[PDB]
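Colleague: My questions will all concern the structure given below.
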Amino acid sequence: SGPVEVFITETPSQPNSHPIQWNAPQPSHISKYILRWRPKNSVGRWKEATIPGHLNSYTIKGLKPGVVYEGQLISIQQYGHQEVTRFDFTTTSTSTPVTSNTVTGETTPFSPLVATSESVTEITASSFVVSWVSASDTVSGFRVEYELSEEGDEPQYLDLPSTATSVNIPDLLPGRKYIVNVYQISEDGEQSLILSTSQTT
């Protein structure tokens, strides 16, 4: 038939989650609804899902911040005809420091320390173990976000199943304060703050 109807709503911008919605004809012309998407970066492998004919909205989790994903909506008929629709969207955490771009000029900022040693080290221990309560059984998964309460570096997100009620955050910088916020993702892709706390490695 002809392309299905899809649009973005109540979606100002999410970090790891991204909810979508679609509409179909009035008559029982379409039965099953299938949604497939992939991060505008490759045409090899991607994700797909099936949505009952009674549902008109999906939920996408495990997305990467500052990245764009292309989605397609396919409507199948009782072992009859088939239709495919294509759409695309972007995913952002929101606003963050240093996000803006710097400008080159005659100014020469200071450069502490000279060159780099032959050998360098990464991050060790300083991990964190935070647990919360699935303040909701309708949660489809959980999303943890932690960032430096000082430097303000870029925020990181971790996705866990609706059955997860605790997670360990590794690769933490010792002697640094981090802000942790746990959000639960509903079947609609909505996030709700259930636990917010800071810690000092």
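By order in the structure tokens, chains are A, B, ...; within a chain, residues start at 1; ligands start at 1, following the order shown.
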Please identify all polymer residues within 10 Å of residue A:25, counting only C-alpha atoms, omitting same-chain residues fewer than 4 positions from it, and present them as JSON, numbers by chain.
Modeller: {"A": [2, 4, 5, 29, 30]}
Colleague: Using the selection just defined, write its residues with N, CA, C and O atoms as an mmCIF file, in the first residue's frame.
Modeller:
data_model
loop_
_atom_site.group_PDB
_atom_site.id
_atom_site.type_symbol
_atom_site.label_atom_id
_atom_site.label_comp_id
_atom_site.auth_asym_id
_atom_site.auth_seq_id
_atom_site.Cartn_x
_atom_site.Cartn_y
_atom_site.Cartn_z
ATOM 1 N N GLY A 2 0.502 2.243 0.790
ATOM 2 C CA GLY A 2 1.279 3.473 0.868
ATOM 3 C C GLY A 2 1.842 3.676 2.271
ATOM 4 O O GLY A 2 1.261 3.229 3.261
ATOM 5 N N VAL A 4 3.148 4.378 5.946
ATOM 6 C CA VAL A 4 2.408 4.557 7.191
ATOM 7 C C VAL A 4 2.706 5.946 7.744
ATOM 8 O O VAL A 4 3.553 6.659 7.208
ATOM 9 N N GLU A 5 2.014 6.337 8.806
ATOM 10 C CA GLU A 5 2.235 7.657 9.387
ATOM 11 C C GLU A 5 3.018 7.565 10.697
ATOM 12 O O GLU A 5 2.633 6.849 11.620
ATOM 13 N N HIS A 29 -7.131 -2.506 7.662
ATOM 14 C CA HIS A 29 -6.265 -2.733 6.510
ATOM 15 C C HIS A 29 -4.922 -3.305 6.952
ATOM 16 O O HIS A 29 -4.375 -4.204 6.314
ATOM 17 N N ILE A 30 -4.394 -2.763 8.044
ATOM 18 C CA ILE A 30 -3.107 -3.212 8.567
ATOM 19 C C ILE A 30 -3.276 -3.971 9.877
ATOM 20 O O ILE A 30 -4.072 -3.585 10.734
#
Colleague: With stretch 88-98 of chain A as the partner and 12 Å as the cut-off, tabulate the residues of stretch 128-151 of chain A that qualify, each row holding the nearest pair of atoms and their distance in Å to one decimal, using only C-alpha atoms, sorted by chain and rising number, as CSV.
Modeller:
residue,atom,partner,partner_atom,distance
A:145,CA,A:93,CA,10.0
A:147,CA,A:96,CA,10.5
A:148,CA,A:97,CA,11.3
A:149,CA,A:97,CA,11.8
A:150,CA,A:97,CA,11.2
A:151,CA,A:97,CA,9.0
Colleague: Generate the output file for the selected residues, C-alpha atoms, as a PDB file, in the first residue's frame.
Modeller:
ATOM      1  CA  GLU A 145      24.036   8.354  34.200  1.00  0.00           C
ATOM      2  CA  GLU A 147      29.361  12.592  35.367  1.00  0.00           C
ATOM      3  CA  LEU A 148      32.044  14.547  37.212  1.00  0.00           C
ATOM      4  CA  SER A 149      30.488  17.002  39.654  1.00  0.00           C
ATOM      5  CA  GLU A 150      33.588  19.146  39.170  1.00  0.00           C
ATOM      6  CA  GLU A 151      35.032  18.921  35.663  1.00  0.00           C
TER       7      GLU A 151
END
Colleague: Would you please work out which residue, of A:76, A:180, A:84, A:20, is nearest to residue A:146 when using only C-alpha atoms?
Modeller: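 Answer, going by the shortest atom-to-atom distance: A:180.
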Colleague: What's the 12 Å shell around residue A:3, counting only C-alpha atoms, without same-chain residues fewer than 5 positions away, as a PyMOL selection string?
Modeller: chain A and resi 22-25+30+72-76+82-87
Colleague: How many Å separate atom CA of residue A:32 from atom CA of residue A:186?
Modeller: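 Pair atom CA of residue A:32 / atom CA of residue A:186 returns 21.8 Å.
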Colleague: Identify, on the basis of only C-alpha atoms, every residue whose closest approach to residue A:48 does not exceed 12 Å; exclude the query and any residue fewer than 6 positions from it along the same chain; express the result as a PDB file with N, CA, C and O atoms, in the first residue's frame.
Modeller:
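Written file, result-v4.pdb:
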ATOM      1  N   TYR A  33       2.506  -4.499  13.095  1.00  0.00           N
ATOM      2  CA  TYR A  33       3.382  -3.351  12.890  1.00  0.00           C
ATOM      3  C   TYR A  33       4.814  -3.733  13.253  1.00  0.00           C
ATOM      4  O   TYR A  33       5.070  -4.193  14.363  1.00  0.00           O
ATOM      5  N   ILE A  34       5.743  -3.544  12.324  1.00  0.00           N
ATOM      6  CA  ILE A  34       7.139  -3.884  12.588  1.00  0.00           C
ATOM      7  C   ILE A  34       8.018  -2.642  12.504  1.00  0.00           C
ATOM      8  O   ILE A  34       7.892  -1.844  11.576  1.00  0.00           O
ATOM      9  N   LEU A  35       8.910  -2.486  13.477  1.00  0.00           N
ATOM     10  CA  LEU A  35       9.806  -1.336  13.492  1.00  0.00           C
ATOM     11  C   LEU A  35      11.259  -1.771  13.444  1.00  0.00           C
ATOM     12  O   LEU A  35      11.702  -2.594  14.244  1.00  0.00           O
ATOM     13  N   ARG A  36      12.003  -1.193  12.512  1.00  0.00           N
ATOM     14  CA  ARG A  36      13.421  -1.513  12.383  1.00  0.00           C
ATOM     15  C   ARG A  36      14.244  -0.231  12.301  1.00  0.00           C
ATOM     16  O   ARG A  36      13.833   0.736  11.662  1.00  0.00           O
ATOM     17  N   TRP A  37      15.391  -0.213  12.981  1.00  0.00           N
ATOM     18  CA  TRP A  37      16.226   0.983  12.997  1.00  0.00           C
ATOM     19  C   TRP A  37      17.711   0.645  13.025  1.00  0.00           C
ATOM     20  O   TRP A  37      18.103  -0.473  13.358  1.00  0.00           O
ATOM     21  N   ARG A  38      18.531   1.639  12.692  1.00  0.00           N
ATOM     22  CA  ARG A  38      19.980   1.473  12.699  1.00  0.00           C
ATOM     23  C   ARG A  38      20.673   2.831  12.758  1.00  0.00           C
ATOM     24  O   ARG A  38      20.246   3.782  12.105  1.00  0.00           O
ATOM     25  N   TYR A  58       6.123   2.645  20.151  1.00  0.00           N
ATOM     26  CA  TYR A  58       7.221   1.765  20.553  1.00  0.00           C
ATOM     27  C   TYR A  58       8.125   2.454  21.566  1.00  0.00           C
ATOM     28  O   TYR A  58       7.802   3.525  22.083  1.00  0.00           O
ATOM     29  N   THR A  59       9.262   1.834  21.825  1.00  0.00           N
ATOM     30  CA  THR A  59      10.238   2.378  22.760  1.00  0.00           C
ATOM     31  C   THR A  59      11.640   1.915  22.373  1.00  0.00           C
ATOM     32  O   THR A  59      11.881   0.715  22.233  1.00  0.00           O
ATOM     33  N   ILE A  60      12.562   2.855  22.201  1.00  0.00           N
ATOM     34  CA  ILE A  60      13.925   2.492  21.824  1.00  0.00           C
ATOM     35  C   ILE A  60      14.915   2.849  22.930  1.00  0.00           C
ATOM     36  O   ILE A  60      15.007   4.001  23.349  1.00  0.00           O
ATOM     37  N   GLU A  70      18.299   5.938  12.033  1.00  0.00           N
ATOM     38  CA  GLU A  70      17.267   5.929  11.008  1.00  0.00           C
ATOM     39  C   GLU A  70      16.300   4.789  11.303  1.00  0.00           C
ATOM     40  O   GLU A  70      16.724   3.664  11.570  1.00  0.00           O
ATOM     41  N   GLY A  71      15.006   5.079  11.287  1.00  0.00           N
ATOM     42  CA  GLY A  71      14.017   4.052  11.589  1.00  0.00           C
ATOM     43  C   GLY A  71      13.041   3.848  10.443  1.00  0.00           C
ATOM     44  O   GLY A  71      12.793   4.755   9.653  1.00  0.00           O
ATOM     45  N   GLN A  72      12.483   2.647  10.371  1.00  0.00           N
ATOM     46  CA  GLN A  72      11.525   2.321   9.329  1.00  0.00           C
ATOM     47  C   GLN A  72      10.341   1.588   9.935  1.00  0.00           C
ATOM     48  O   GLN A  72      10.506   0.752  10.823  1.00  0.00           O
ATOM     49  N   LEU A  73       9.152   1.896   9.452  1.00  0.00           N
ATOM     50  CA  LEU A  73       7.958   1.245   9.961  1.00  0.00           C
ATOM     51  C   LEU A  73       7.294   0.416   8.867  1.00  0.00           C
ATOM     52  O   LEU A  73       6.880   0.948   7.835  1.00  0.00           O
ATOM     53  N   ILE A  74       7.197  -0.890   9.093  1.00  0.00           N
ATOM     54  CA  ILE A  74       6.583  -1.778   8.118  1.00  0.00           C
ATOM     55  C   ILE A  74       5.278  -2.342   8.653  1.00  0.00           C
ATOM     56  O   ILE A  74       5.226  -2.866   9.763  1.00  0.00           O
TER      57      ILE A  74
END
Colleague: Do you have the atom CA of residue A:195-atom CA of residue A:21 distance handy?
Modeller: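 Atom-to-atom, atom CA of residue A:195 and atom CA of residue A:21 are spaced 28.1 Å apart.
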Colleague: Hey, what does DSSP flag as strand (DSSP E or B) within stretch 7-50 of chain A? Can you give it to me as a PDB file with N, CA and C atoms, in the first residue's frame?
Modeller:
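Wrote it out as states-v5.pdb, contents follow:
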ATOM      1  N   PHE A   7       5.491  10.052  13.580  1.00  0.00           N
ATOM      2  CA  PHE A   7       5.884  11.392  14.014  1.00  0.00           C
ATOM      3  C   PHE A   7       6.575  11.349  15.373  1.00  0.00           C
ATOM      4  N   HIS A  18      14.688   6.517  23.336  1.00  0.00           N
ATOM      5  CA  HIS A  18      14.052   7.307  22.286  1.00  0.00           C
ATOM      6  C   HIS A  18      12.720   6.683  21.874  1.00  0.00           C
ATOM      7  N   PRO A  19      11.630   7.245  22.325  1.00  0.00           N
ATOM      8  CA  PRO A  19      10.270   6.741  22.000  1.00  0.00           C
ATOM      9  C   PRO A  19       9.764   7.239  20.645  1.00  0.00           C
ATOM     10  N   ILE A  20       9.002   6.391  19.962  1.00  0.00           N
ATOM     11  CA  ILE A  20       8.446   6.741  18.659  1.00  0.00           C
ATOM     12  C   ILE A  20       6.954   6.429  18.630  1.00  0.00           C
ATOM     13  N   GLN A  21       6.255   6.917  17.607  1.00  0.00           N
ATOM     14  CA  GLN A  21       4.832   6.651  17.483  1.00  0.00           C
ATOM     15  C   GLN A  21       4.439   6.609  16.008  1.00  0.00           C
ATOM     16  N   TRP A  22       3.449   5.789  15.674  1.00  0.00           N
ATOM     17  CA  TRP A  22       3.005   5.683  14.286  1.00  0.00           C
ATOM     18  C   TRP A  22       1.497   5.524  14.203  1.00  0.00           C
ATOM     19  N   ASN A  23       0.941   5.880  13.051  1.00  0.00           N
ATOM     20  CA  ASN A  23      -0.497   5.753  12.840  1.00  0.00           C
ATOM     21  C   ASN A  23      -0.771   4.986  11.553  1.00  0.00           C
ATOM     22  N   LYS A  32      -0.293  -6.306  11.672  1.00  0.00           N
ATOM     23  CA  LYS A  32       0.949  -6.237  12.437  1.00  0.00           C
ATOM     24  C   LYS A  32       1.777  -4.999  12.103  1.00  0.00           C
ATOM     25  N   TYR A  33       2.506  -4.499  13.095  1.00  0.00           N
ATOM     26  CA  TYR A  33       3.382  -3.351  12.890  1.00  0.00           C
ATOM     27  C   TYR A  33       4.814  -3.733  13.253  1.00  0.00           C
ATOM     28  N   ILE A  34       5.743  -3.544  12.324  1.00  0.00           N
ATOM     29  CA  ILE A  34       7.139  -3.884  12.588  1.00  0.00           C
ATOM     30  C   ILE A  34       8.018  -2.642  12.504  1.00  0.00           C
ATOM     31  N   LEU A  35       8.910  -2.486  13.477  1.00  0.00           N
ATOM     32  CA  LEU A  35       9.806  -1.336  13.492  1.00  0.00           C
ATOM     33  C   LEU A  35      11.259  -1.771  13.444  1.00  0.00           C
ATOM     34  N   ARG A  36      12.003  -1.193  12.512  1.00  0.00           N
ATOM     35  CA  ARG A  36      13.421  -1.513  12.383  1.00  0.00           C
ATOM     36  C   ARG A  36      14.244  -0.231  12.301  1.00  0.00           C
ATOM     37  N   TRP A  37      15.391  -0.213  12.981  1.00  0.00           N
ATOM     38  CA  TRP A  37      16.226   0.983  12.997  1.00  0.00           C
ATOM     39  C   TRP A  37      17.711   0.645  13.025  1.00  0.00           C
ATOM     40  N   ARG A  38      18.531   1.639  12.692  1.00  0.00           N
ATOM     41  CA  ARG A  38      19.980   1.473  12.699  1.00  0.00           C
ATOM     42  C   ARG A  38      20.673   2.831  12.758  1.00  0.00           C
ATOM     43  N   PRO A  39      21.726   2.938  13.523  1.00  0.00           N
ATOM     44  CA  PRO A  39      22.487   4.215  13.661  1.00  0.00           C
ATOM     45  C   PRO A  39      23.117   4.643  12.341  1.00  0.00           C
ATOM     46  N   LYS A  47      18.940  -3.290  14.273  1.00  0.00           N
ATOM     47  CA  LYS A  47      17.919  -3.855  15.155  1.00  0.00           C
ATOM     48  C   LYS A  47      16.526  -3.824  14.534  1.00  0.00           C
ATOM     49  N   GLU A  48      15.723  -4.806  14.920  1.00  0.00           N
ATOM     50  CA  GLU A  48      14.349  -4.911  14.447  1.00  0.00           C
ATOM     51  C   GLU A  48      13.435  -5.367  15.575  1.00  0.00           C
ATOM     52  N   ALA A  49      12.154  -5.050  15.449  1.00  0.00           N
ATOM     53  CA  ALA A  49      11.188  -5.426  16.478  1.00  0.00           C
ATOM     54  C   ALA A  49       9.781  -5.579  15.906  1.00  0.00           C
ATOM     55  N   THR A  50       8.949  -6.329  16.627  1.00  0.00           N
ATOM     56  CA  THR A  50       7.568  -6.552  16.211  1.00  0.00           C
ATOM     57  C   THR A  50       6.616  -5.926  17.224  1.00  0.00           C
TER      58      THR A  50
END
Colleague: Please provide as a VMD selection string all residues within 12 Å of residue A:137, with the sequence filter that same-chain residues fewer than 5 positions apart are discarded (counting only C-alpha atoms).
Modeller: chain A and resid 142 161 to 165 184 to 187
Colleague: Please produce a file of the residues just selected, as a PDB file, in the first residue's frame, where the atoms kept are C-alpha atoms.
Modeller:
ATOM      1  CA  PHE A 142      17.018   1.104  33.562  1.00  0.00           C
ATOM      2  CA  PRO A 161      17.075  -4.589  32.138  1.00  0.00           C
ATOM      3  CA  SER A 162      13.841  -3.864  33.995  1.00  0.00           C
ATOM      4  CA  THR A 163      14.955  -6.703  36.261  1.00  0.00           C
ATOM      5  CA  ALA A 164      18.157  -4.889  37.209  1.00  0.00           C
ATOM      6  CA  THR A 165      18.121  -2.990  40.504  1.00  0.00           C
ATOM      7  CA  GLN A 184      13.660   3.825  34.803  1.00  0.00           C
ATOM      8  CA  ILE A 185      12.422   3.335  31.258  1.00  0.00           C
ATOM      9  CA  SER A 186       8.744   2.588  30.805  1.00  0.00           C
ATOM     10  CA  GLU A 187       7.198   0.561  27.992  1.00  0.00           C
TER      11      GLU A 187
END
Colleague: Rounded to one decimal place, report the atom CA of residue A:128-atom CA of residue A:168 distance in Å.
Modeller: 5.3 Å
